[PDB]
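Have a look at the structure below before the remarks.
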Amino acid sequence: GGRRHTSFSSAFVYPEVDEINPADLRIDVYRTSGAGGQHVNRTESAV
Amino acid sequence: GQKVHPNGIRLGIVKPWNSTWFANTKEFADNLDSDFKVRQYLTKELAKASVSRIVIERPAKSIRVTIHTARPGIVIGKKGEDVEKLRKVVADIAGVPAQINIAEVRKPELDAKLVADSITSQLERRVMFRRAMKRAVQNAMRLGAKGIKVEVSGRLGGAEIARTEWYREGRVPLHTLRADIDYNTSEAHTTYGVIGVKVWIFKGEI
RNA sequence: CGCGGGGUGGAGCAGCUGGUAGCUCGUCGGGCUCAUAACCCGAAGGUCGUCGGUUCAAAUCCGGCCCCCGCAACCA
RNA sequence: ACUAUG
RNA sequence: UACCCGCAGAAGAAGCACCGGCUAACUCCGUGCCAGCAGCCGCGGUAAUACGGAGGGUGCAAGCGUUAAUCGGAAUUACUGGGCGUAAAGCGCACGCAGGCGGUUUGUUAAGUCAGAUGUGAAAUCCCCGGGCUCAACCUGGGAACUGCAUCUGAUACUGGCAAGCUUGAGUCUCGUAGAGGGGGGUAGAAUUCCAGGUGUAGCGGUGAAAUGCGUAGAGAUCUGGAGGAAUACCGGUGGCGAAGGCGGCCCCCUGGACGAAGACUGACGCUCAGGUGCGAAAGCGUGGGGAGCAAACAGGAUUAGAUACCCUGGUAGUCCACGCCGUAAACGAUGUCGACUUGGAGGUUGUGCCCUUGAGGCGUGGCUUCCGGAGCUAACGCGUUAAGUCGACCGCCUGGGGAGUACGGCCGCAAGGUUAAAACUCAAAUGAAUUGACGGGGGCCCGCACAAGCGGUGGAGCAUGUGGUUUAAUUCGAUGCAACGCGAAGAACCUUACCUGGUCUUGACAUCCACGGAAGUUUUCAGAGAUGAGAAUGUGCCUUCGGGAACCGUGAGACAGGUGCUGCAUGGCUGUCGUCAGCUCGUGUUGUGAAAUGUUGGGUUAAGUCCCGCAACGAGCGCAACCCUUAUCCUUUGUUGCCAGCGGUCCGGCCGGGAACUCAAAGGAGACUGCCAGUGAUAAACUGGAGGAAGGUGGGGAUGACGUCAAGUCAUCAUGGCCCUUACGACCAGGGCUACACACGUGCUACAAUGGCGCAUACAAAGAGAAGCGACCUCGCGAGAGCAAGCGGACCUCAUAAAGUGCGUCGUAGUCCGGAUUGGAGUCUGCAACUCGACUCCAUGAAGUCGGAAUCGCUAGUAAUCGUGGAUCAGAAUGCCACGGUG
């Protein structure tokens with residue numbers, strides 16, 4: 001044609017910028033559920 | 001397409017020139033610049049006087065302006081009075097001693113320049129443009145123009161977009177060189193800028 | 001961790017038997033078209049993860065370090 | 001052997 | 001209290017909506033697709049009659065507007081009063097119960113129907129004629145009306161009932177004819193596939209071209225024999241039959257309908273049909289058979305950007321039979337069934353009756369069917385006795401587009417799904433026929449360096465120049481597919497100049513007006529880059545009812561100037577472009593409801609809407625053509641500065657007597673018109689050939705550019721509406737810049753060489769320019785040039801030796817005796833000034849380049865190619881631009 005258009009465009013400007021304490025954790029330790037004889041029943045693998 | 005100027009293609013066939021003097025190369029540019037100012041003057045003065053055509057020849061030293069006009073009375077004023085006070089401001093502009101003549105124009109309806117001036121006048125006092133055109137065509141055709149087109153152009157009745165209405169009547173053969181096609185032109189200065197007005201006027205052939 | 005495999009142009013791949021880095025796509029430049037895509041022509045581009053050894057010479061052989069996968073981590 | 005879009 | 005009388009003073013008493021159209025009423029300012037308006041179309045993006053405000057106007061008016069609600073308009077649910085071929089709309093086709101409708105005649109009944117009478121239909125309301133409130137609303141007297149229902153008494157044409165008939169509608173019987181009508185059972189021949197053999201040898205097959213595929217384990221081709229399944233060439237037909245779906249070899253068995261002829265028989269037994277029942281292509285489903293060919297899915301091969309496709313090689317369900325289901329299709333004539341009436345023509349098919357059957361024939365009469373077309377109908381297309389015409393009976397269906405034939409529910413189904421069938425929400429349209437265009441990988445005819453046939457280039461190299469980008473203080477602004485890019489610019493060192501830097505001015509560099517002072521001018525002066533700022537002299541042109549006025553300069557304040565600032569999308573003018581393409585229109589008539597059409601198309605022909613002939617057209621205009629310039633032959637006149645044939649003389653030169661022939665010069669005329677001959681052709685227009693002619697069919701070249709197209713280009717040539725700046729966006733100056741350079745593109749020039757390079761001699765042009773100009777001769781300089789100096793406003797003189805060419809010598813296929821870029825040194829000229837940045841000369845230096853990828857340009861004859869010459873612009877600065885001849 002040759003019509004008056006009316007476009008838009010952004011600009012966007014943003015700047016740049018550049019371990020968890022053992023005190024803060026409690027650690028339950030306890031027995032597992034499931035399959036395998038005398039060893040599963042007794043020991044406390046699970047955390 | 002663009003047309004050749006119908007006066008200009010027909011010079012030294014059926015139209016004659018308007019400046020009809022001889023020069024060599026020293027004085028040619030000067031004569032042209034004089035003849036320009038003697039016309040640029042006599043147009044500005046004799047605006048009401050209805051002037052078709054200002055011929056200029058140069059015999060001897062002296063300059064000789066013929067004027068053609070619808071209204072001899074208003075140029076000659078009284079006892080000349082006006083002719084003679086044209087001469088002595090012309091004869092400055094040339095430099096040489098001058099000589100004004102006059103001719104009539106018997107039918108101002110059949111001169112291109114006067115028809116155009118006429119129409120261009122009416123458009124400045126805010127006349128409807130289709131009337132102004134169509135009067136002019138009728139008037140020429142009842143005084144025996146073999147044909148006539150007129151052509152106004154550009155913001156007509158103060159529109160916001162330009163147009164060019166035109167209006168022929170009879171025969172107007174512009175590729176025929178033999179044809180006498182009296183042609184001319186005028187700008188109306190209105191409040192809506194300019195409107196331009198062409199006018200061709202066939203009068204028969206040879 | 002125990003065992004084994006892999007890091008190569010921008011992407012996916014080949015070259016790993018020491019002396020020579022290719023393939024398809026992408027990028028760049030030119031054309032064709034009113035224009036874009038396809039199509040035609042021409043040109044570039046790889047510290048071979050990283051550090052250190054061995055050799056006259058390391059993408060290639062050898063060691064450490066880092067990331068990425070796969071297999072194993074069983075009998076009570 | 002040609003092909004798509006605006 | 002109504003009502004009546006007195007007092008005072010225009011006093012105490014006008015708003016609301018609208019003004020774009022519908023719809024009565026218009027202009028400014030603000031605003032700039034924002035804010036907002038809006039019932040619907042839509043308004044608003046810098047000139048808004050549509051927003052907001054103002055002024056004016058229109059309409060209502062103690063009210064005026066908005067919203068909601070009903071009817072209207074809406075014939076848009078149609079009783080009055082609509083439709084259904086293509087716009088929404090005819091069930092896929094039948095049978096048929098309730099229902100609706102029913103030929104003709106006599107009698108009777110009196111239900112419908114009609115007439116009259118009585119009873120009732122409350123009053124108010126409505127309507128009419130009155131009356132009362134000052135009028136009006138309001139109140140009220142009398143009437144009419146309450147279209148209705150019942151009872152009684154008549155009428156009996158129509159409808160109905162009951163009875164008795166009739167024969168034309170509808171049926172039954174008799175006899176024949178045609179038919180792919182249906183169901184079951186046999187059978188024939190051709191072909192494909194496979195199986196088993198014989199002959200035989202390298203391909204076959206397939207495609208646009210291939211490959212996958214088959215083949216030396218013997219394919220394809222060919223011959224013999226066998227198996228099996230499916231379909232029936234020819235006949236074959238806008239032929240036939242069937243309610244529709246449908247039905248196609250021949251034969252038999254069972255069976256349905258249609259039609260015709262003449263007569264006999266029943267006596268309205270009829271038509272239509274909601275719900276109901278049946279029939280119903282293909283695909284698909286179930287159980288069981290079969291399986292040649294074909295072939296959804298699927299596989300591989302191609303094609304392609306991809307190719308889940310079109311094409312190829314294979315291939316399973318399916319297609320086939322039996323018995324069940326499914327119930328749908330553009331199941332279409334997109335046209336429900338039945339009946340009646342209303343001009344014609346051409347056919348086909350099947351009966352039948354009359355006729356020297358005398359002929360495959362002449363004259364009629366039924367049935368079914370194809371194509372034209374009249375009246376009429378229809379929005380139009382079309383339909384048109386087989387209606388979509390004129391009527392009647394019954395049924396089905398439609399009520400904007402999407403949502404959606406969908407969801408939910410019901411019914412049917414083995415399933416797939418069918419059938420019935422909504423609403424919210426959303427848009428202001430969606431749709432039909434016809435018209436003008438434009439478009440088509442639709443068709444036909446015709447053109448053009450469009451292709452083909454050819455010759456030469458561009459794209460690669462170095463330079464010139466323009467453009468983009470990048471850079472810069474600035475690289476001024478514009479032109480951007482064809483139709484910008486050696487374009488504006490026919491010529492940027494300063495100027496130009498519009499840009500940057502710094503330095504200056506403010507009624508101004510430029511113009512008009514008034515005021516006051518000085519005749520204009522001349523001449524050096526020191527600062528400063530320059531603009532600019534501080535000094536000596538000099539007349540008095542001119543008239544003076546003598547004031548000064550006029551020529552011209554500075555100073556003064558304001559009206560103003562100024563602006564290459566913005567908008568080419570507000571404009572004029574001018575230009576490019578399709579395109580020198582043959583087209584583009586009008587008037588009056590006519591056709592059509594109309595947009596429109598016709599003319600303008602058709603048959604010939606032309607370069608041409610050129611010309612002829614036709615034809616509801618007849619004419620006209622703009623274009624084509626011609627009229628104009630130039631070139632090609634001749635004639636007439638006129639001969640200097642041009643010319644020299646025949647004459648004399650010579651310094652051998654048209655140079656000097658002379659000549660007026662010839663070339664040439666530039667005025668005036670002649671000549672070319674299909675004019676003449678033959679043939680072709682509708683006796684036409686024209687075409688093909690021939691003659692004479694310098695030229696022949698528009699002889700060659702230019703100028704000439706229709707209506708219009710692209711909001712094409714240009715506000716920076718000029719003009720111009722509006723906006724903008726006005727101690728700056730105006731104005732003056734010096735220096736810089738427009739010439740920058742990692743790059744990319746355009747247009748040119750020069751090359752890469754023996755058709756050539758260098759050296760020496762030697763021939764034949766045209767067209768131009770010239771006074772602040774062209775500049776000879778002679779002298780100086782290697783040269784560019786310099787010094788001196790005739791001539792020439794120019795057929796006289798100068799620029800000015802044309803070069804390719806030709807002859808003789810030389811180089812030997814080499815990055816060269818090809819090529820000239822680049823750089824160093826030294827000059828010349830123009831110019832106040834060549835650093836940035838001119839051209840030319842001399843000496844030296846001697847890059848790239850060995851004929852250019854994809855691609856791409858120009859040209860049909862004095863053309864292309866190649867060779868020089870001149871001009872405008874211009875102080876100087878042409879490889880560009882415009883022009884000229886040579887060879888060809």
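We name chains A, B, ... following the order of the structure tokens; residues begin at 1 in each chain, and ligands are numbered from 1 as shown.
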If you count only C-alpha atoms (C1' of nucleotides), which residues fall within 10 Å of segment 30-41 of chain B, apart from same-chain ones fewer than 4 positions away, as a ChimeraX atom specification? /B:19,21-23,25-26,45-46,53-58,63,65,86,89-95
Please identify all polymer residues within 12 Å of residue 313 of chain E, counting only C-alpha atoms (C1' of nucleotides), omitting same-chain residues fewer than 3 positions from it, and present them as a PDB file with N, CA and C atoms (P, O5', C5', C4', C3', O3' and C1' of nucleotides), in the first residue's frame.
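Final output, around38.pdb:
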```pdb
ATOM      1  P     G E 205       9.201 -56.095 -21.044  1.00  0.00           P
ATOM      2  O5'   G E 205       8.719 -55.656 -19.594  1.00  0.00           O
ATOM      3  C5'   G E 205       7.844 -56.483 -18.814  1.00  0.00           C
ATOM      4  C4'   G E 205       7.881 -56.039 -17.374  1.00  0.00           C
ATOM      5  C3'   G E 205       7.550 -54.579 -17.129  1.00  0.00           C
ATOM      6  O3'   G E 205       6.134 -54.412 -17.103  1.00  0.00           O
ATOM      7  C1'   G E 205       9.503 -55.155 -15.930  1.00  0.00           C
ATOM      8  P     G E 206       5.446 -53.166 -17.838  1.00  0.00           P
ATOM      9  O5'   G E 206       5.849 -51.943 -16.907  1.00  0.00           O
ATOM     10  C5'   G E 206       5.428 -51.916 -15.534  1.00  0.00           C
ATOM     11  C4'   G E 206       6.261 -50.947 -14.736  1.00  0.00           C
ATOM     12  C3'   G E 206       6.416 -49.548 -15.309  1.00  0.00           C
ATOM     13  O3'   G E 206       5.240 -48.768 -15.104  1.00  0.00           O
ATOM     14  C1'   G E 206       8.525 -50.354 -14.632  1.00  0.00           C
ATOM     15  P     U E 207       4.696 -47.780 -16.264  1.00  0.00           P
ATOM     16  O5'   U E 207       5.533 -46.455 -16.007  1.00  0.00           O
ATOM     17  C5'   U E 207       5.513 -45.827 -14.713  1.00  0.00           C
ATOM     18  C4'   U E 207       6.586 -44.778 -14.629  1.00  0.00           C
ATOM     19  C3'   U E 207       6.629 -43.800 -15.790  1.00  0.00           C
ATOM     20  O3'   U E 207       5.646 -42.786 -15.598  1.00  0.00           O
ATOM     21  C1'   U E 207       8.821 -44.559 -15.296  1.00  0.00           C
ATOM     22  P     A E 211      17.692 -48.124 -12.862  1.00  0.00           P
ATOM     23  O5'   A E 211      17.458 -48.579 -11.348  1.00  0.00           O
ATOM     24  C5'   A E 211      18.216 -48.000 -10.258  1.00  0.00           C
ATOM     25  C4'   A E 211      17.400 -47.901  -8.982  1.00  0.00           C
ATOM     26  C3'   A E 211      16.840 -49.207  -8.434  1.00  0.00           C
ATOM     27  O3'   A E 211      17.854 -49.925  -7.741  1.00  0.00           O
ATOM     28  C1'   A E 211      15.129 -47.582  -8.426  1.00  0.00           C
ATOM     29  P     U E 212      17.731 -51.510  -7.551  1.00  0.00           P
ATOM     30  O5'   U E 212      16.426 -51.660  -6.650  1.00  0.00           O
ATOM     31  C5'   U E 212      16.442 -51.407  -5.230  1.00  0.00           C
ATOM     32  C4'   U E 212      15.059 -51.602  -4.664  1.00  0.00           C
ATOM     33  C3'   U E 212      14.470 -52.994  -4.807  1.00  0.00           C
ATOM     34  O3'   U E 212      15.019 -53.965  -3.924  1.00  0.00           O
ATOM     35  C1'   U E 212      12.820 -51.391  -5.310  1.00  0.00           C
ATOM     36  P     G E 213      15.329 -55.448  -4.455  1.00  0.00           P
ATOM     37  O5'   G E 213      14.042 -55.803  -5.324  1.00  0.00           O
ATOM     38  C5'   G E 213      12.851 -56.335  -4.714  1.00  0.00           C
ATOM     39  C4'   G E 213      11.814 -56.649  -5.768  1.00  0.00           C
ATOM     40  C3'   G E 213      12.122 -57.823  -6.681  1.00  0.00           C
ATOM     41  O3'   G E 213      11.923 -59.077  -6.027  1.00  0.00           O
ATOM     42  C1'   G E 213      11.382 -56.009  -7.987  1.00  0.00           C
ATOM     43  P     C E 214      13.082 -60.212  -6.036  1.00  0.00           P
ATOM     44  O5'   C E 214      12.853 -60.939  -7.434  1.00  0.00           O
ATOM     45  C5'   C E 214      11.573 -61.517  -7.755  1.00  0.00           C
ATOM     46  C4'   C E 214      11.464 -61.842  -9.227  1.00  0.00           C
ATOM     47  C3'   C E 214      12.632 -62.568  -9.878  1.00  0.00           C
ATOM     48  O3'   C E 214      12.804 -63.940  -9.522  1.00  0.00           O
ATOM     49  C1'   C E 214      11.939 -60.836 -11.296  1.00  0.00           C
ATOM     50  P     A E 299       4.535 -49.353   7.464  1.00  0.00           P
ATOM     51  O5'   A E 299       5.308 -50.262   6.413  1.00  0.00           O
ATOM     52  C5'   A E 299       6.044 -51.406   6.868  1.00  0.00           C
ATOM     53  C4'   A E 299       6.664 -52.133   5.701  1.00  0.00           C
ATOM     54  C3'   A E 299       7.571 -51.309   4.801  1.00  0.00           C
ATOM     55  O3'   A E 299       8.806 -51.031   5.457  1.00  0.00           O
ATOM     56  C1'   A E 299       6.189 -52.673   3.475  1.00  0.00           C
ATOM     57  P     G E 300       9.529 -49.605   5.264  1.00  0.00           P
ATOM     58  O5'   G E 300      10.198 -49.746   3.825  1.00  0.00           O
ATOM     59  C5'   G E 300      11.260 -50.698   3.617  1.00  0.00           C
ATOM     60  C4'   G E 300      11.417 -51.028   2.151  1.00  0.00           C
ATOM     61  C3'   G E 300      11.794 -49.881   1.231  1.00  0.00           C
ATOM     62  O3'   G E 300      13.145 -49.443   1.363  1.00  0.00           O
ATOM     63  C1'   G E 300      10.086 -51.123   0.218  1.00  0.00           C
ATOM     64  P     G E 301      13.526 -47.916   1.031  1.00  0.00           P
ATOM     65  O5'   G E 301      13.156 -47.788  -0.511  1.00  0.00           O
ATOM     66  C5'   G E 301      13.926 -48.534  -1.459  1.00  0.00           C
ATOM     67  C4'   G E 301      13.462 -48.290  -2.869  1.00  0.00           C
ATOM     68  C3'   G E 301      13.594 -46.875  -3.391  1.00  0.00           C
ATOM     69  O3'   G E 301      14.950 -46.548  -3.696  1.00  0.00           O
ATOM     70  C1'   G E 301      11.503 -47.736  -4.023  1.00  0.00           C
ATOM     71  P     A E 302      15.505 -45.053  -3.454  1.00  0.00           P
ATOM     72  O5'   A E 302      15.139 -44.332  -4.828  1.00  0.00           O
ATOM     73  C5'   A E 302      14.579 -43.009  -4.854  1.00  0.00           C
ATOM     74  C4'   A E 302      13.632 -42.872  -6.012  1.00  0.00           C
ATOM     75  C3'   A E 302      13.148 -41.444  -6.259  1.00  0.00           C
ATOM     76  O3'   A E 302      14.032 -40.726  -7.120  1.00  0.00           O
ATOM     77  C1'   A E 302      11.285 -42.880  -6.034  1.00  0.00           C
TER      78        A E 302
END
```
Residues within 12 Å of residue 5 of chain D, only C-alpha atoms (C1' of nucleotides), excluding chain neighbours under 3 positions, as a list in words: residues 35, 36, 37 and 38 of chain C
Pick out the chain E residues within 7 Å of chain B. Count only C-alpha atoms (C1' of nucleotides). Give them as a PyMOL selection string. chain E and resi 570-572+621+627-628+704-705+720-721
Selection above as a file: N, CA, C and O atoms (P, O5', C5', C4', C3', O3' and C1' of nucleotides), as a PDB file, in the first residue's frame:
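New file selection14.pdb:
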```
ATOM      1  P     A E 570       0.986  16.276   1.935  1.00  0.00           P
ATOM      2  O5'   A E 570      -0.491  16.451   1.387  1.00  0.00           O
ATOM      3  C5'   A E 570      -1.609  16.413   2.274  1.00  0.00           C
ATOM      4  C4'   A E 570      -2.708  17.297   1.746  1.00  0.00           C
ATOM      5  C3'   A E 570      -2.655  17.614   0.254  1.00  0.00           C
ATOM      6  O3'   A E 570      -3.233  16.601  -0.568  1.00  0.00           O
ATOM      7  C1'   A E 570      -2.858  19.621   1.452  1.00  0.00           C
ATOM      8  P     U E 571      -2.894  16.543  -2.143  1.00  0.00           P
ATOM      9  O5'   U E 571      -2.529  18.048  -2.507  1.00  0.00           O
ATOM     10  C5'   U E 571      -1.991  18.377  -3.790  1.00  0.00           C
ATOM     11  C4'   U E 571      -2.356  19.794  -4.145  1.00  0.00           C
ATOM     12  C3'   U E 571      -1.796  20.290  -5.467  1.00  0.00           C
ATOM     13  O3'   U E 571      -2.684  19.991  -6.527  1.00  0.00           O
ATOM     14  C1'   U E 571      -1.210  21.809  -3.778  1.00  0.00           C
ATOM     15  P     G E 572      -2.109  19.510  -7.921  1.00  0.00           P
ATOM     16  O5'   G E 572      -1.630  20.873  -8.589  1.00  0.00           O
ATOM     17  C5'   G E 572      -2.574  21.782  -9.173  1.00  0.00           C
ATOM     18  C4'   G E 572      -1.886  23.076  -9.507  1.00  0.00           C
ATOM     19  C3'   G E 572      -0.968  23.027 -10.710  1.00  0.00           C
ATOM     20  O3'   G E 572      -1.683  23.196 -11.920  1.00  0.00           O
ATOM     21  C1'   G E 572       0.120  24.130  -8.926  1.00  0.00           C
ATOM     22  P     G E 621     -15.787  13.817 -35.278  1.00  0.00           P
ATOM     23  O5'   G E 621     -15.067  13.714 -33.863  1.00  0.00           O
ATOM     24  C5'   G E 621     -15.197  14.808 -32.936  1.00  0.00           C
ATOM     25  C4'   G E 621     -14.795  14.401 -31.539  1.00  0.00           C
ATOM     26  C3'   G E 621     -13.358  13.963 -31.342  1.00  0.00           C
ATOM     27  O3'   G E 621     -12.417  15.037 -31.415  1.00  0.00           O
ATOM     28  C1'   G E 621     -14.762  12.478 -30.197  1.00  0.00           C
ATOM     29  P     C E 627       2.776  13.853 -44.302  1.00  0.00           P
ATOM     30  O5'   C E 627       2.292  15.317 -43.904  1.00  0.00           O
ATOM     31  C5'   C E 627       1.390  16.054 -44.753  1.00  0.00           C
ATOM     32  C4'   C E 627       0.867  17.279 -44.043  1.00  0.00           C
ATOM     33  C3'   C E 627       1.898  18.113 -43.299  1.00  0.00           C
ATOM     34  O3'   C E 627       2.553  19.045 -44.153  1.00  0.00           O
ATOM     35  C1'   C E 627       0.015  17.758 -41.913  1.00  0.00           C
ATOM     36  P     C E 628       4.139  19.002 -44.309  1.00  0.00           P
ATOM     37  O5'   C E 628       4.656  19.300 -42.835  1.00  0.00           O
ATOM     38  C5'   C E 628       4.760  20.638 -42.317  1.00  0.00           C
ATOM     39  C4'   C E 628       5.657  20.637 -41.107  1.00  0.00           C
ATOM     40  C3'   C E 628       7.109  20.275 -41.366  1.00  0.00           C
ATOM     41  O3'   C E 628       7.851  21.371 -41.899  1.00  0.00           O
ATOM     42  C1'   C E 628       6.330  19.086 -39.480  1.00  0.00           C
ATOM     43  P     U E 704       8.699  14.817 -28.688  1.00  0.00           P
ATOM     44  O5'   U E 704       7.274  14.617 -29.361  1.00  0.00           O
ATOM     45  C5'   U E 704       6.464  15.763 -29.658  1.00  0.00           C
ATOM     46  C4'   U E 704       5.262  15.352 -30.465  1.00  0.00           C
ATOM     47  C3'   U E 704       4.334  14.322 -29.844  1.00  0.00           C
ATOM     48  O3'   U E 704       3.437  14.926 -28.917  1.00  0.00           O
ATOM     49  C1'   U E 704       4.711  13.798 -32.123  1.00  0.00           C
ATOM     50  P     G E 705       3.475  14.553 -27.351  1.00  0.00           P
ATOM     51  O5'   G E 705       3.118  13.010 -27.317  1.00  0.00           O
ATOM     52  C5'   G E 705       1.787  12.583 -27.601  1.00  0.00           C
ATOM     53  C4'   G E 705       1.480  11.300 -26.880  1.00  0.00           C
ATOM     54  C3'   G E 705       1.342  11.399 -25.366  1.00  0.00           C
ATOM     55  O3'   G E 705       0.461  10.331 -25.016  1.00  0.00           O
ATOM     56  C1'   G E 705       3.151  10.007 -25.874  1.00  0.00           C
ATOM     57  P     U E 720       4.359  32.473  -3.905  1.00  0.00           P
ATOM     58  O5'   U E 720       3.362  31.436  -3.213  1.00  0.00           O
ATOM     59  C5'   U E 720       1.984  31.309  -3.618  1.00  0.00           C
ATOM     60  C4'   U E 720       1.454  29.925  -3.308  1.00  0.00           C
ATOM     61  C3'   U E 720       1.364  29.539  -1.840  1.00  0.00           C
ATOM     62  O3'   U E 720       0.194  30.072  -1.221  1.00  0.00           O
ATOM     63  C1'   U E 720       2.234  27.725  -3.109  1.00  0.00           C
ATOM     64  P     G E 721       0.261  30.737   0.242  1.00  0.00           P
ATOM     65  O5'   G E 721      -0.737  29.851   1.107  1.00  0.00           O
ATOM     66  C5'   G E 721      -2.105  29.658   0.715  1.00  0.00           C
ATOM     67  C4'   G E 721      -2.679  28.437   1.402  1.00  0.00           C
ATOM     68  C3'   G E 721      -2.338  28.221   2.868  1.00  0.00           C
ATOM     69  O3'   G E 721      -3.138  29.030   3.725  1.00  0.00           O
ATOM     70  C1'   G E 721      -2.067  26.186   1.717  1.00  0.00           C
TER      71        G E 721
END
```
As a PyMOL selection string, please: the residues near segment 26-31 of chain C (cut-off 8 Å, only C-alpha atoms (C1' of nucleotides), same-chain neighbours under 2 positions excluded). (chain C and resi 10-11+40-44) or (chain E and resi 854-855)
Could you list the residues in chain A lying within 10 Å of chain C, using only C-alpha atoms (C1' of nucleotides), and format the result as a PyMOL selection string? chain A and resi 36-40
Within segment 7-104 of chain B, find each residue whose DSSP state, derived from the backbone, is strand (DSSP E or B), and express the selection as a PyMOL selection string. chain B and resi 11+15+19+51-57+64-69+100+103
Which neighbours of residue 2 of chain D fall inside 12 Å, counting only C-alpha atoms (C1' of nucleotides), when residues of the same chain fewer than 5 positions from it are skipped, and could you give them as a PDB file with C-alpha atoms (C1' of nucleotides), in the first residue's frame?
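Output below, filename out_24.pdb:
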```
ATOM      1  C1'   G E 208       8.764 -38.058 -16.721  1.00  0.00           C
ATOM      2  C1'   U E 303       9.903 -37.517  -6.028  1.00  0.00           C
ATOM      3  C1'   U E 304      10.497 -33.505  -2.422  1.00  0.00           C
ATOM      4  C1'   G E 441       0.339 -24.073 -13.512  1.00  0.00           C
TER       5        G E 441
END
```
